[PDB]
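Colleague: Sharing query37.json (JSON, C-alpha atoms and all ligand atoms) below.
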```
[["chain", "number", "residue", "atom", "x", "y", "z"],
["A", 1, "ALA", "CA", -10.05, -0.43, 11.96],
["A", 2, "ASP", "CA", -12.05, -3.65, 11.60],
["A", 3, "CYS", "CA", -10.02, -4.65, 8.54],
["A", 4, "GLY", "CA", -9.10, -8.22, 7.79],
["A", 5, "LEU", "CA", -11.51, -9.87, 10.23],
["A", 6, "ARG", "CA", -14.04, -11.94, 8.30],
["A", 7, "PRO", "CA", -17.68, -11.90, 9.52],
["A", 8, "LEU", "CA", -18.04, -15.66, 8.81],
["A", 9, "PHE", "CA", -14.70, -16.70, 10.26],
["A", 10, "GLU", "CA", -12.64, -14.47, 12.62],
["A", 11, "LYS", "CA", -15.72, -12.60, 13.87],
["A", 12, "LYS", "CA", -17.32, -15.95, 14.90],
["A", 13, "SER", "CA", -14.06, -17.70, 15.87],
["A", 14, "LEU", "CA", -14.52, -20.18, 13.02],
["A", 15, "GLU", "CA", -11.48, -21.33, 11.00],
["A", 16, "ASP", "CA", -11.62, -22.05, 7.27],
["A", 17, "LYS", "CA", -10.42, -25.44, 5.98],
["A", 18, "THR", "CA", -6.88, -24.40, 4.94],
["A", 19, "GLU", "CA", -5.82, -21.34, 6.96],
["A", 20, "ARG", "CA", -3.87, -23.61, 9.31],
["A", 21, "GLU", "CA", -1.52, -24.36, 6.34],
["A", 22, "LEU", "CA", -0.56, -20.68, 6.31],
["A", 23, "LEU", "CA", 0.05, -20.58, 10.10],
["A", 24, "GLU", "CA", 2.17, -23.72, 9.97],
["A", 25, "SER", "CA", 4.41, -22.15, 7.36],
["A", 26, "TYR", "CA", 5.16, -19.12, 9.57],
["A", 27, "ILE", "CA", 8.08, -20.84, 11.27],
["B", 1, "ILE", "CA", -6.41, -20.42, -10.48],
["B", 2, "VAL", "CA", -4.70, -23.71, -11.35],
["B", 3, "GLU", "CA", -4.79, -26.64, -8.92],
["B", 4, "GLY", "CA", -6.82, -24.70, -6.36],
["B", 5, "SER", "CA", -10.19, -25.54, -4.81],
["B", 6, "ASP", "CA", -13.61, -23.95, -4.39],
["B", 7, "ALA", "CA", -13.59, -21.07, -1.90],
["B", 8, "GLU", "CA", -15.79, -21.42, 1.18],
["B", 9, "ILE", "CA", -18.66, -18.92, 1.52],
["B", 10, "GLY", "CA", -17.30, -15.65, 2.93],
["B", 11, "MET", "CA", -13.70, -16.95, 2.88],
["B", 12, "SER", "CA", -12.47, -13.95, 0.91],
["B", 13, "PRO", "CA", -14.93, -11.08, 1.57],
["B", 14, "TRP", "CA", -12.51, -8.47, 0.18],
["B", 15, "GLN", "CA", -12.42, -10.25, -3.23],
["B", 16, "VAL", "CA", -13.67, -7.98, -6.01],
["B", 17, "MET", "CA", -14.48, -8.94, -9.62],
["B", 18, "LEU", "CA", -13.65, -6.45, -12.38],
["B", 19, "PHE", "CA", -16.41, -6.81, -14.95],
["B", 20, "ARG", "CA", -16.51, -5.50, -18.52],
["B", 21, "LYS", "CA", -19.94, -4.00, -19.40],
["B", 22, "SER", "CA", -20.16, -4.39, -23.19],
["B", 23, "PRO", "CA", -19.05, -7.71, -24.05],
["B", 24, "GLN", "CA", -19.96, -8.84, -20.53],
["B", 25, "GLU", "CA", -16.94, -10.77, -19.30],
["B", 26, "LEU", "CA", -14.49, -11.14, -16.44],
["B", 27, "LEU", "CA", -11.63, -8.67, -16.78],
["B", 28, "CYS", "CA", -9.64, -9.23, -13.63],
["B", 29, "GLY", "CA", -9.66, -9.63, -9.88],
["B", 30, "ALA", "CA", -9.31, -6.81, -7.38],
["B", 31, "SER", "CA", -9.63, -6.25, -3.62],
["B", 32, "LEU", "CA", -11.69, -4.13, -1.27],
["B", 33, "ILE", "CA", -9.57, -1.96, 1.05],
["B", 34, "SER", "CA", -12.25, 0.43, 2.46],
["B", 35, "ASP", "CA", -15.89, 1.35, 1.74],
["B", 36, "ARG", "CA", -14.88, 3.45, -1.28],
["B", 37, "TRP", "CA", -11.50, 2.11, -2.48],
["B", 38, "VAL", "CA", -10.64, -0.97, -4.54],
["B", 39, "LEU", "CA", -7.07, -2.08, -5.28],
["B", 40, "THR", "CA", -6.04, -3.88, -8.53],
["B", 41, "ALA", "CA", -3.18, -4.45, -11.03],
["B", 42, "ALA", "CA", -2.47, -1.54, -13.38],
["B", 43, "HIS", "CA", -2.27, -3.99, -16.30],
["B", 44, "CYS", "CA", -5.91, -4.95, -15.77],
["B", 45, "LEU", "CA", -6.81, -1.42, -16.84],
["B", 46, "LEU", "CA", -3.87, -0.28, -19.03],
["B", 47, "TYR", "CA", -1.83, -2.64, -21.11],
["B", 48, "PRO", "CA", -1.05, -1.44, -24.68],
["B", 49, "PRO", "CA", 0.47, -4.73, -25.92],
["B", 50, "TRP", "CA", -2.96, -6.32, -25.36],
["B", 51, "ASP", "CA", -4.83, -3.18, -26.56],
["B", 52, "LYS", "CA", -6.20, -2.54, -23.08],
["B", 53, "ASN", "CA", -6.95, 1.00, -21.96],
["B", 54, "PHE", "CA", -10.20, 1.00, -20.04],
["B", 55, "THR", "CA", -12.00, 4.12, -18.84],
["B", 56, "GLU", "CA", -14.26, 4.27, -15.74],
["B", 57, "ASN", "CA", -17.40, 3.85, -17.84],
["B", 58, "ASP", "CA", -16.18, 0.65, -19.48],
["B", 59, "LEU", "CA", -16.43, -1.38, -16.30],
["B", 60, "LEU", "CA", -18.17, -2.33, -13.10],
["B", 61, "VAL", "CA", -16.81, -3.78, -9.87],
["B", 62, "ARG", "CA", -18.74, -6.66, -8.33],
["B", 63, "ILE", "CA", -18.22, -7.25, -4.62],
["B", 64, "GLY", "CA", -19.36, -10.07, -2.29],
["B", 65, "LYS", "CA", -19.33, -12.58, -5.12],
["B", 66, "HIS", "CA", -18.82, -16.30, -5.08],
["B", 67, "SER", "CA", -20.30, -17.59, -8.37],
["B", 68, "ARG", "CA", -18.30, -16.53, -11.47],
["B", 69, "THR", "CA", -21.19, -16.18, -13.94],
["B", 70, "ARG", "CA", -24.39, -16.01, -11.87],
["B", 71, "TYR", "CA", -25.89, -12.75, -10.72],
["B", 72, "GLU", "CA", -25.95, -13.21, -6.93],
["B", 73, "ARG", "CA", -29.12, -11.45, -5.89],
["B", 74, "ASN", "CA", -29.21, -10.14, -2.28],
["B", 75, "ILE", "CA", -25.53, -11.01, -1.86],
["B", 76, "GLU", "CA", -23.26, -9.33, -4.37],
["B", 77, "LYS", "CA", -23.16, -5.56, -4.70],
["B", 78, "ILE", "CA", -22.34, -4.01, -8.09],
["B", 79, "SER", "CA", -20.56, -0.62, -7.99],
["B", 80, "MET", "CA", -19.67, 1.99, -10.63],
["B", 81, "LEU", "CA", -16.30, 3.71, -10.88],
["B", 82, "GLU", "CA", -15.81, 7.33, -10.07],
["B", 83, "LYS", "CA", -12.10, 7.42, -10.85],
["B", 84, "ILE", "CA", -9.21, 5.18, -11.91],
["B", 85, "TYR", "CA", -5.68, 5.90, -10.63],
["B", 86, "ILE", "CA", -2.71, 4.09, -12.18],
["B", 87, "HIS", "CA", 0.74, 4.29, -10.56],
["B", 88, "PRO", "CA", 2.54, 7.03, -12.53],
["B", 89, "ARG", "CA", 5.66, 4.84, -12.82],
["B", 90, "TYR", "CA", 3.90, 1.62, -13.78],
["B", 91, "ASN", "CA", 6.19, -0.08, -16.36],
["B", 92, "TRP", "CA", 3.94, -1.68, -18.97],
["B", 93, "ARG", "CA", 6.78, -1.51, -21.51],
["B", 94, "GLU", "CA", 9.28, -3.86, -19.91],
["B", 95, "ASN", "CA", 8.40, -5.93, -16.85],
["B", 96, "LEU", "CA", 5.17, -4.68, -15.21],
["B", 97, "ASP", "CA", 7.13, -2.87, -12.50],
["B", 98, "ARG", "CA", 4.76, -1.13, -10.05],
["B", 99, "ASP", "CA", 1.76, -3.08, -11.39],
["B", 100, "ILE", "CA", -0.79, -1.30, -9.16],
["B", 101, "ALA", "CA", -3.95, 0.80, -9.57],
["B", 102, "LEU", "CA", -6.66, 2.18, -7.33],
["B", 103, "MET", "CA", -10.31, 2.63, -8.22],
["B", 104, "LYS", "CA", -12.59, 5.01, -6.27],
["B", 105, "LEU", "CA", -16.23, 3.95, -6.18],
["B", 106, "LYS", "CA", -19.12, 6.31, -6.85],
["B", 107, "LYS", "CA", -20.96, 5.42, -3.60],
["B", 108, "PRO", "CA", -19.63, 3.58, -0.52],
["B", 109, "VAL", "CA", -20.40, -0.17, -0.45],
["B", 110, "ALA", "CA", -22.26, -1.53, 2.60],
["B", 111, "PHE", "CA", -20.31, -4.22, 4.49],
["B", 112, "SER", "CA", -22.04, -7.55, 5.10],
["B", 113, "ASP", "CA", -21.17, -11.17, 5.86],
["B", 114, "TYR", "CA", -19.84, -11.40, 2.27],
["B", 115, "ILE", "CA", -18.29, -7.93, 1.86],
["B", 116, "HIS", "CA", -15.49, -6.73, 4.14],
["B", 117, "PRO", "CA", -12.13, -4.97, 3.60],
["B", 118, "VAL", "CA", -8.69, -6.53, 3.92],
["B", 119, "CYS", "CA", -5.88, -4.82, 5.87],
["B", 120, "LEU", "CA", -2.87, -3.28, 4.20],
["B", 121, "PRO", "CA", 0.50, -4.21, 5.76],
["B", 122, "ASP", "CA", 2.67, -1.94, 7.87],
["B", 123, "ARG", "CA", 6.49, -2.13, 7.64],
["B", 124, "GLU", "CA", 6.65, -4.59, 10.55],
["B", 125, "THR", "CA", 4.00, -7.00, 9.28],
["B", 126, "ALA", "CA", 5.71, -6.98, 5.87],
["B", 127, "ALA", "CA", 9.14, -7.53, 7.40],
["B", 128, "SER", "CA", 7.94, -10.44, 9.55],
["B", 129, "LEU", "CA", 5.76, -12.26, 7.01],
["B", 130, "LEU", "CA", 7.41, -11.74, 3.62],
["B", 131, "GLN", "CA", 9.90, -14.55, 4.03],
["B", 132, "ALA", "CA", 10.77, -17.47, 1.76],
["B", 133, "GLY", "CA", 8.64, -20.53, 2.57],
["B", 134, "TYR", "CA", 5.90, -18.51, 4.32],
["B", 135, "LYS", "CA", 2.62, -19.13, 2.53],
["B", 136, "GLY", "CA", 0.00, -16.71, 1.34],
["B", 137, "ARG", "CA", -3.37, -17.22, -0.32],
["B", 138, "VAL", "CA", -4.41, -16.23, -3.83],
["B", 139, "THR", "CA", -8.03, -16.15, -4.99],
["B", 140, "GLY", "CA", -9.74, -15.57, -8.33],
["B", 141, "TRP", "CA", -12.14, -16.58, -11.08],
["B", 142, "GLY", "CA", -9.41, -16.93, -13.75],
["B", 143, "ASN", "CA", -8.54, -19.96, -15.85],
["B", 144, "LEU", "CA", -8.29, -23.41, -14.23],
["B", 145, "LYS", "CA", -5.60, -24.41, -16.75],
["B", 146, "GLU", "CA", -3.14, -22.92, -19.24],
["B", 147, "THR", "CA", -4.86, -24.62, -22.24],
["C", 1, "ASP", "CA", -21.49, -17.15, -20.48],
["C", 2, "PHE", "CA", -22.52, -14.67, -17.79],
["C", 3, "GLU", "CA", -26.03, -14.26, -16.44],
["C", 4, "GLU", "CA", -27.50, -10.84, -17.24],
["C", 5, "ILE", "CA", -27.15, -8.14, -14.58],
["C", 6, "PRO", "CA", -29.83, -5.53, -13.73],
["C", 7, "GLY", "CA", -29.91, -2.49, -16.04],
["C", 8, "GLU", "CA", -29.76, 0.02, -13.15],
["C", 9, "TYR", "CA", -25.99, -0.64, -13.03],
["C", 10, "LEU", "CA", -26.04, -0.03, -16.79],
["D", 1, "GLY", "CA", -11.01, -24.11, -18.30],
["D", 2, "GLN", "CA", -13.20, -21.72, -16.29],
["D", 3, "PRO", "CA", -14.50, -22.20, -12.73],
["D", 4, "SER", "CA", -18.11, -22.19, -11.55],
["D", 5, "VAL", "CA", -17.10, -20.50, -8.27],
["D", 6, "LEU", "CA", -14.27, -18.48, -6.73],
["D", 7, "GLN", "CA", -11.07, -20.53, -6.55],
["D", 8, "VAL", "CA", -8.46, -20.48, -3.76],
["D", 9, "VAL", "CA", -4.83, -21.63, -3.54],
["D", 10, "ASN", "CA", -2.18, -21.34, -0.83],
["D", 11, "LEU", "CA", 1.36, -20.84, -2.16],
["D", 12, "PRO", "CA", 4.76, -20.35, -0.54],
["D", 13, "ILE", "CA", 6.83, -17.25, -1.07],
["D", 14, "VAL", "CA", 9.97, -18.14, -3.07],
["D", 15, "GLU", "CA", 13.59, -17.12, -2.44],
["D", 16, "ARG", "CA", 14.51, -14.15, -4.62],
["D", 17, "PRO", "CA", 17.43, -15.87, -6.37],
["D", 18, "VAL", "CA", 15.04, -18.66, -7.35],
["D", 19, "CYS", "CA", 12.47, -16.16, -8.71],
["D", 20, "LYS", "CA", 15.18, -14.37, -10.75],
["D", 21, "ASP", "CA", 16.66, -17.64, -12.06],
["D", 22, "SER", "CA", 13.25, -18.85, -13.35],
["D", 23, "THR", "CA", 12.86, -16.11, -15.97],
["D", 24, "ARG", "CA", 14.58, -13.82, -18.50],
["D", 25, "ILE", "CA", 12.49, -10.87, -17.32],
["D", 26, "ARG", "CA", 14.12, -8.34, -15.03],
["D", 27, "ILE", "CA", 12.68, -8.72, -11.50],
["D", 28, "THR", "CA", 12.50, -5.59, -9.28],
["D", 29, "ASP", "CA", 12.13, -5.03, -5.53],
["D", 30, "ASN", "CA", 8.46, -4.11, -6.15],
["D", 31, "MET", "CA", 7.74, -7.75, -7.02],
["D", 32, "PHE", "CA", 7.98, -11.05, -5.25],
["D", 33, "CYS", "CA", 7.20, -14.55, -6.53],
["D", 34, "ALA", "CA", 5.39, -17.56, -5.08],
["D", 35, "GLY", "CA", 4.62, -21.19, -5.89],
["D", 36, "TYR", "CA", 5.96, -24.68, -5.39],
["D", 37, "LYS", "CA", 9.23, -25.96, -6.88],
["D", 38, "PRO", "CA", 9.31, -29.06, -9.11],
["D", 39, "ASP", "CA", 10.91, -31.00, -6.20],
["D", 40, "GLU", "CA", 8.11, -30.05, -3.78],
["D", 41, "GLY", "CA", 5.30, -32.19, -5.25],
["D", 42, "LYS", "CA", 2.36, -29.84, -4.54],
["D", 43, "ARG", "CA", 1.25, -27.49, -7.35],
["D", 44, "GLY", "CA", -0.84, -24.39, -8.02],
["D", 45, "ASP", "CA", -0.67, -20.92, -9.53],
["D", 46, "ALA", "CA", -2.74, -17.96, -10.57],
["D", 47, "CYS", "CA", -3.67, -17.75, -14.26],
["D", 48, "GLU", "CA", -5.11, -15.22, -16.72],
["D", 49, "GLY", "CA", -8.28, -13.67, -15.26],
["D", 50, "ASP", "CA", -6.75, -13.84, -11.72],
["D", 51, "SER", "CA", -4.62, -10.75, -12.19],
["D", 52, "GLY", "CA", -5.34, -7.84, -9.90],
["D", 53, "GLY", "CA", -6.56, -10.15, -7.17],
["D", 54, "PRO", "CA", -5.01, -10.28, -3.71],
["D", 55, "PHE", "CA", -2.19, -12.42, -2.27],
["D", 56, "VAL", "CA", -3.10, -12.38, 1.42],
["D", 57, "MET", "CA", -1.48, -13.66, 4.62],
["D", 58, "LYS", "CA", -3.03, -14.12, 8.06],
["D", 59, "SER", "CA", -0.99, -12.44, 10.73],
["D", 60, "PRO", "CA", -0.21, -14.87, 13.62],
["D", 61, "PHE", "CA", 0.30, -11.76, 15.81],
["D", 62, "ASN", "CA", -3.20, -10.25, 15.58],
["D", 63, "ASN", "CA", -5.23, -12.81, 13.56],
["D", 64, "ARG", "CA", -5.98, -10.30, 10.80],
["D", 65, "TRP", "CA", -5.65, -10.86, 7.04],
["D", 66, "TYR", "CA", -3.19, -8.60, 5.25],
["D", 67, "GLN", "CA", -2.89, -8.10, 1.48],
["D", 68, "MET", "CA", 0.83, -8.50, 0.82],
["D", 69, "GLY", "CA", 0.66, -8.91, -2.96],
["D", 70, "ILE", "CA", -1.38, -8.26, -6.10],
["D", 71, "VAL", "CA", -1.56, -11.00, -8.74],
["D", 72, "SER", "CA", 0.65, -9.52, -11.45],
["D", 73, "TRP", "CA", 2.23, -11.89, -13.99],
["D", 74, "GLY", "CA", 3.44, -15.33, -14.96],
["D", 75, "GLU", "CA", 4.83, -17.10, -17.99],
["D", 76, "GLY", "CA", 2.20, -19.77, -18.51],
["D", 77, "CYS", "CA", 0.24, -21.14, -15.55],
["D", 78, "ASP", "CA", 1.50, -23.77, -13.08],
["D", 79, "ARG", "CA", 4.48, -24.68, -15.28],
["D", 80, "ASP", "CA", 7.25, -26.59, -13.52],
["D", 81, "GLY", "CA", 10.19, -24.31, -12.76],
["D", 82, "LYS", "CA", 8.05, -21.20, -13.21],
["D", 83, "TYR", "CA", 6.43, -19.02, -10.55],
["D", 84, "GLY", "CA", 3.76, -16.39, -10.17],
["D", 85, "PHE", "CA", 4.77, -12.80, -9.66],
["D", 86, "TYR", "CA", 3.00, -10.41, -7.38],
["D", 87, "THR", "CA", 3.11, -6.68, -6.81],
["D", 88, "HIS", "CA", 4.78, -5.88, -3.45],
["D", 89, "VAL", "CA", 1.98, -3.93, -1.77],
["D", 90, "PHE", "CA", 3.99, -2.61, 1.16],
["D", 91, "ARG", "CA", 6.70, -1.16, -1.10],
["D", 92, "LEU", "CA", 4.02, 0.90, -2.90],
["D", 93, "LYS", "CA", 1.99, 1.84, 0.19],
["D", 94, "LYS", "CA", 3.24, 5.44, 0.27],
["D", 95, "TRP", "CA", 1.69, 5.90, -3.20],
["D", 96, "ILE", "CA", -1.46, 4.14, -1.99],
["D", 97, "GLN", "CA", -1.72, 6.50, 0.99],
["D", 98, "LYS", "CA", -0.96, 9.61, -1.09],
["D", 99, "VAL", "CA", -3.80, 8.86, -3.53],
["D", 100, "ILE", "CA", -6.33, 8.08, -0.78],
["D", 101, "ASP", "CA", -5.36, 11.24, 1.15],
["D", 102, "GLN", "CA", -6.05, 12.82, -2.28],
["A", 201, "LIG", "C1", 0.32, -8.63, -18.79],
["A", 201, "LIG", "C2", 0.75, -9.99, -18.24],
["A", 201, "LIG", "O1", -0.28, -10.49, -17.33],
["A", 201, "LIG", "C3", -0.15, -11.74, -16.88],
["A", 201, "LIG", "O2", 0.89, -12.37, -17.05],
["A", 201, "LIG", "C4", -1.32, -12.34, -16.14],
["A", 201, "LIG", "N1", -1.08, -13.77, -15.99],
["A", 201, "LIG", "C5", -0.96, -14.49, -17.13],
["A", 201, "LIG", "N2", -1.15, -14.02, -18.35],
["A", 201, "LIG", "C6", -0.91, -14.77, -19.43],
["A", 201, "LIG", "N3", 0.18, -15.63, -19.38],
["A", 201, "LIG", "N4", -1.65, -14.62, -20.58],
["A", 201, "LIG", "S1", -0.41, -16.09, -16.55],
["A", 201, "LIG", "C7", -0.22, -15.62, -14.83],
["A", 201, "LIG", "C8", 0.25, -16.29, -13.73],
["A", 201, "LIG", "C9", 0.28, -15.63, -12.50],
["A", 201, "LIG", "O3", 0.75, -16.27, -11.39],
["A", 201, "LIG", "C10", -0.18, -14.32, -12.43],
["A", 201, "LIG", "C11", -0.66, -13.64, -13.53],
["A", 201, "LIG", "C12", -0.71, -14.31, -14.77],
["A", 202, "NA", "NA", 5.25, -23.59, -11.18]]
```
What does this structure look like when you write it as C-alpha cells?
Modeller:
Amino acid sequence: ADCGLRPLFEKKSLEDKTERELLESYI
Amino acid sequence: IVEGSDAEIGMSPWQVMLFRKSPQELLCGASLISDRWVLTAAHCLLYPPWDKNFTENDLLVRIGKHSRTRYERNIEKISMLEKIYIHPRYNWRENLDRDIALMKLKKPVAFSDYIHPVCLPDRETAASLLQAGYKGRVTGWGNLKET
Amino acid sequence: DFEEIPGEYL
Amino acid sequence: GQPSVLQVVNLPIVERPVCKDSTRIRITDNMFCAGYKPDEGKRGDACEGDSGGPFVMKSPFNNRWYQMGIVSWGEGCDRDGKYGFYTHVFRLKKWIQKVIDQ
C-alpha cells in the first residue's frame, strides 16, 4: 500500500515544521 | 485543539471533517483509511446523553480540507455516506469504551496532493511506538479553548 | 458561520 | 474559540497509572491518554469538535504515518492534571478488518 506517505511531504522528501519533535521522542 | 498551531498545507491529508447538513456545522473529525472507508469515534454518531443518533443522510464527509468554514473549491471533496458501522460493544453508557465507528462512502474518493489515506498499525508498530513519552500528533477544527 | 456548499451534495 | 484553519498539536503518550489517577472514570485497555503534565511546561489538548479525528505517529522504521488513536474524550480541555483520551486503534483492528472484509 501507499498509505501514510504524504504527497507534499514524504513523497517529495520534504519535512513538516514539527515532525522532528515526534522522532526525537522515540528514544 | 487547544494550544496548537495552524496545520501546513497537505500536512494531514487523511484528515476528514464530519459535517452536519441541516444546521450546517462541524460535527467531528474523522480519518481516511482507504478510497471508500473513513474511521471516526462512535460518539460522534451515537451518543444518547447528548441526544445524538445520526443516520447516513444527516451528514456529509469533507476530505482534503484546510479551512474550517470556507468551501474549498478544486481542493476538498465532499462525499455522501453509504453506511455507518458502530462497534457493537461501544460503551456510551459508562466510559466510551470501544469509541470507534466506520463509515463507507457512496463512491470512492480520488487521491490528490491534499487527500491520501493514513496507515493502520500492525501489532509490531503498536508495540514499538505506544510507549510513555513517545509523541503523536492530533489534528482538528474543534474549539481553541474550553470557554 | 460556514460558507454554503454546492447543492449537488444536497 | 473556533479556528480559521485546521489545527495541529504534538502530545506525549502518558503512563497508564498517570492516566488512571487523573480521573474518576474507569479507563480500559482500549484507551490510552496523552498530553503534558503540569510540571512539563508545554501545553495542548484536543477539545470538543476534535473528537473522531486521528492521533498519528510517524514510524522511524519505514517513515510512514500510522493512526494509533482516535480522539475520544476529555474532562475539559487543556486543564492542568487532566489528559486527553484516545481510542486504541490497534486493539480494535480485528473489528476494523472484519467490517471492511464485510
Ligand atoms: C462524549 C464525550 O466526548 C468528549 O469528551 C469530547 N471532548 C470533549 N467534550 C467535552 N468536554 N464537551 S473535551 C475533549 C478533550 C479531548 O482530548 C478529547 C475529546 C474531548
Ligand atoms: Na492537561
Colleague: Specify as a ChimeraX atom specification all residues of chain B found within 7 Å of chain D, counting only C-alpha atoms.
Modeller: /B:1-7,26-31,40-41,44,66-68,95,97-99,118-123,126,131-146
Colleague: Counting all atoms listed in the file, give me one row per residue of chain C with an atom at most 9 Å from an atom of segment 20-24 of chain B, showing the shortest contact pair and its distance in Å to one decimal, sorted by chain then residue number, as JSON lines.
Modeller:
```
{"residue": "C:1", "atom": "CA", "partner": "B:24", "partner_atom": "CA", "distance": 8.4}
{"residue": "C:2", "atom": "CA", "partner": "B:24", "partner_atom": "CA", "distance": 6.9}
{"residue": "C:4", "atom": "CA", "partner": "B:24", "partner_atom": "CA", "distance": 8.5}
{"residue": "C:10", "atom": "CA", "partner": "B:21", "partner_atom": "CA", "distance": 7.7}
```
Colleague: Using all atoms listed in the file, find the one residue out of B:55, B:113, B:108, B:128 that sits nearest to chain A.
Modeller: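 Nearest to chain A: B:113.
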Colleague: Between B:74, B:147, B:91, B:69, which residue has the minimum interatomic distance to residue 3 of chain C, considering only C-alpha atoms?
Modeller: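 Comparing B:74, B:147, B:91, B:69 against residue 3 of chain C, the winner is B:69.
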Colleague: For a cut-off of 7 Å around (-16.9, -14.8, 7.3), file coordinates, pick out all residues using all atoms listed in the file and list them as number ranges by chain.
Modeller: A: 6-10; B: 10-11, 113-114
Colleague: Those residues you just picked out, can you put them in a file as a compact mmCIF listing (two decimals), in the frame of the given file with C-alpha atoms?
Modeller:
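Contents of selection06.txt, as written:
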```txt
# COMPACT_ATOMS: atom_id res chain seq x y z
CA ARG A 6 -14.04 -11.94 8.30
CA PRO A 7 -17.68 -11.90 9.52
CA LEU A 8 -18.04 -15.66 8.81
CA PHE A 9 -14.70 -16.70 10.26
CA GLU A 10 -12.64 -14.47 12.62
CA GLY B 10 -17.30 -15.65 2.93
CA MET B 11 -13.70 -16.95 2.88
CA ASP B 113 -21.17 -11.17 5.86
CA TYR B 114 -19.84 -11.40 2.27
```
Colleague: Only C-alpha atoms, please: chain A from the block, as a CSV table (one decimal), in the first residue's frame.
Modeller:
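Listed below is the output, part29.csv:
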```csv
chain,number,residue,atom,x,y,z
A,1,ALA,CA,0.0,0.0,0.0
A,2,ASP,CA,0.9,3.7,-0.4
A,3,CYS,CA,-0.6,4.5,2.9
A,4,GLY,CA,0.8,7.1,5.2
A,5,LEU,CA,3.1,8.8,2.7
A,6,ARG,CA,2.1,12.4,2.1
A,7,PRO,CA,2.2,13.7,-1.5
A,8,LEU,CA,3.5,17.1,-0.2
A,9,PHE,CA,6.0,15.7,2.3
A,10,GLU,CA,7.2,12.1,2.3
A,11,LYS,CA,6.6,11.7,-1.5
A,12,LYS,CA,8.9,14.8,-2.1
A,13,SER,CA,11.3,14.2,0.8
A,14,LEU,CA,10.1,17.4,2.4
A,15,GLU,CA,9.7,17.5,6.3
A,16,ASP,CA,7.0,19.5,8.0
A,17,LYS,CA,7.9,22.0,10.7
A,18,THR,CA,7.3,19.8,13.8
A,19,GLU,CA,7.6,16.1,12.7
A,20,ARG,CA,11.2,16.1,14.1
A,21,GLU,CA,9.6,16.5,17.6
A,22,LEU,CA,7.9,13.2,17.2
A,23,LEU,CA,11.1,11.4,16.0
A,24,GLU,CA,13.1,12.9,18.9
A,25,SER,CA,10.6,11.5,21.4
A,26,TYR,CA,11.1,7.9,20.0
A,27,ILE,CA,14.0,7.2,22.3
```
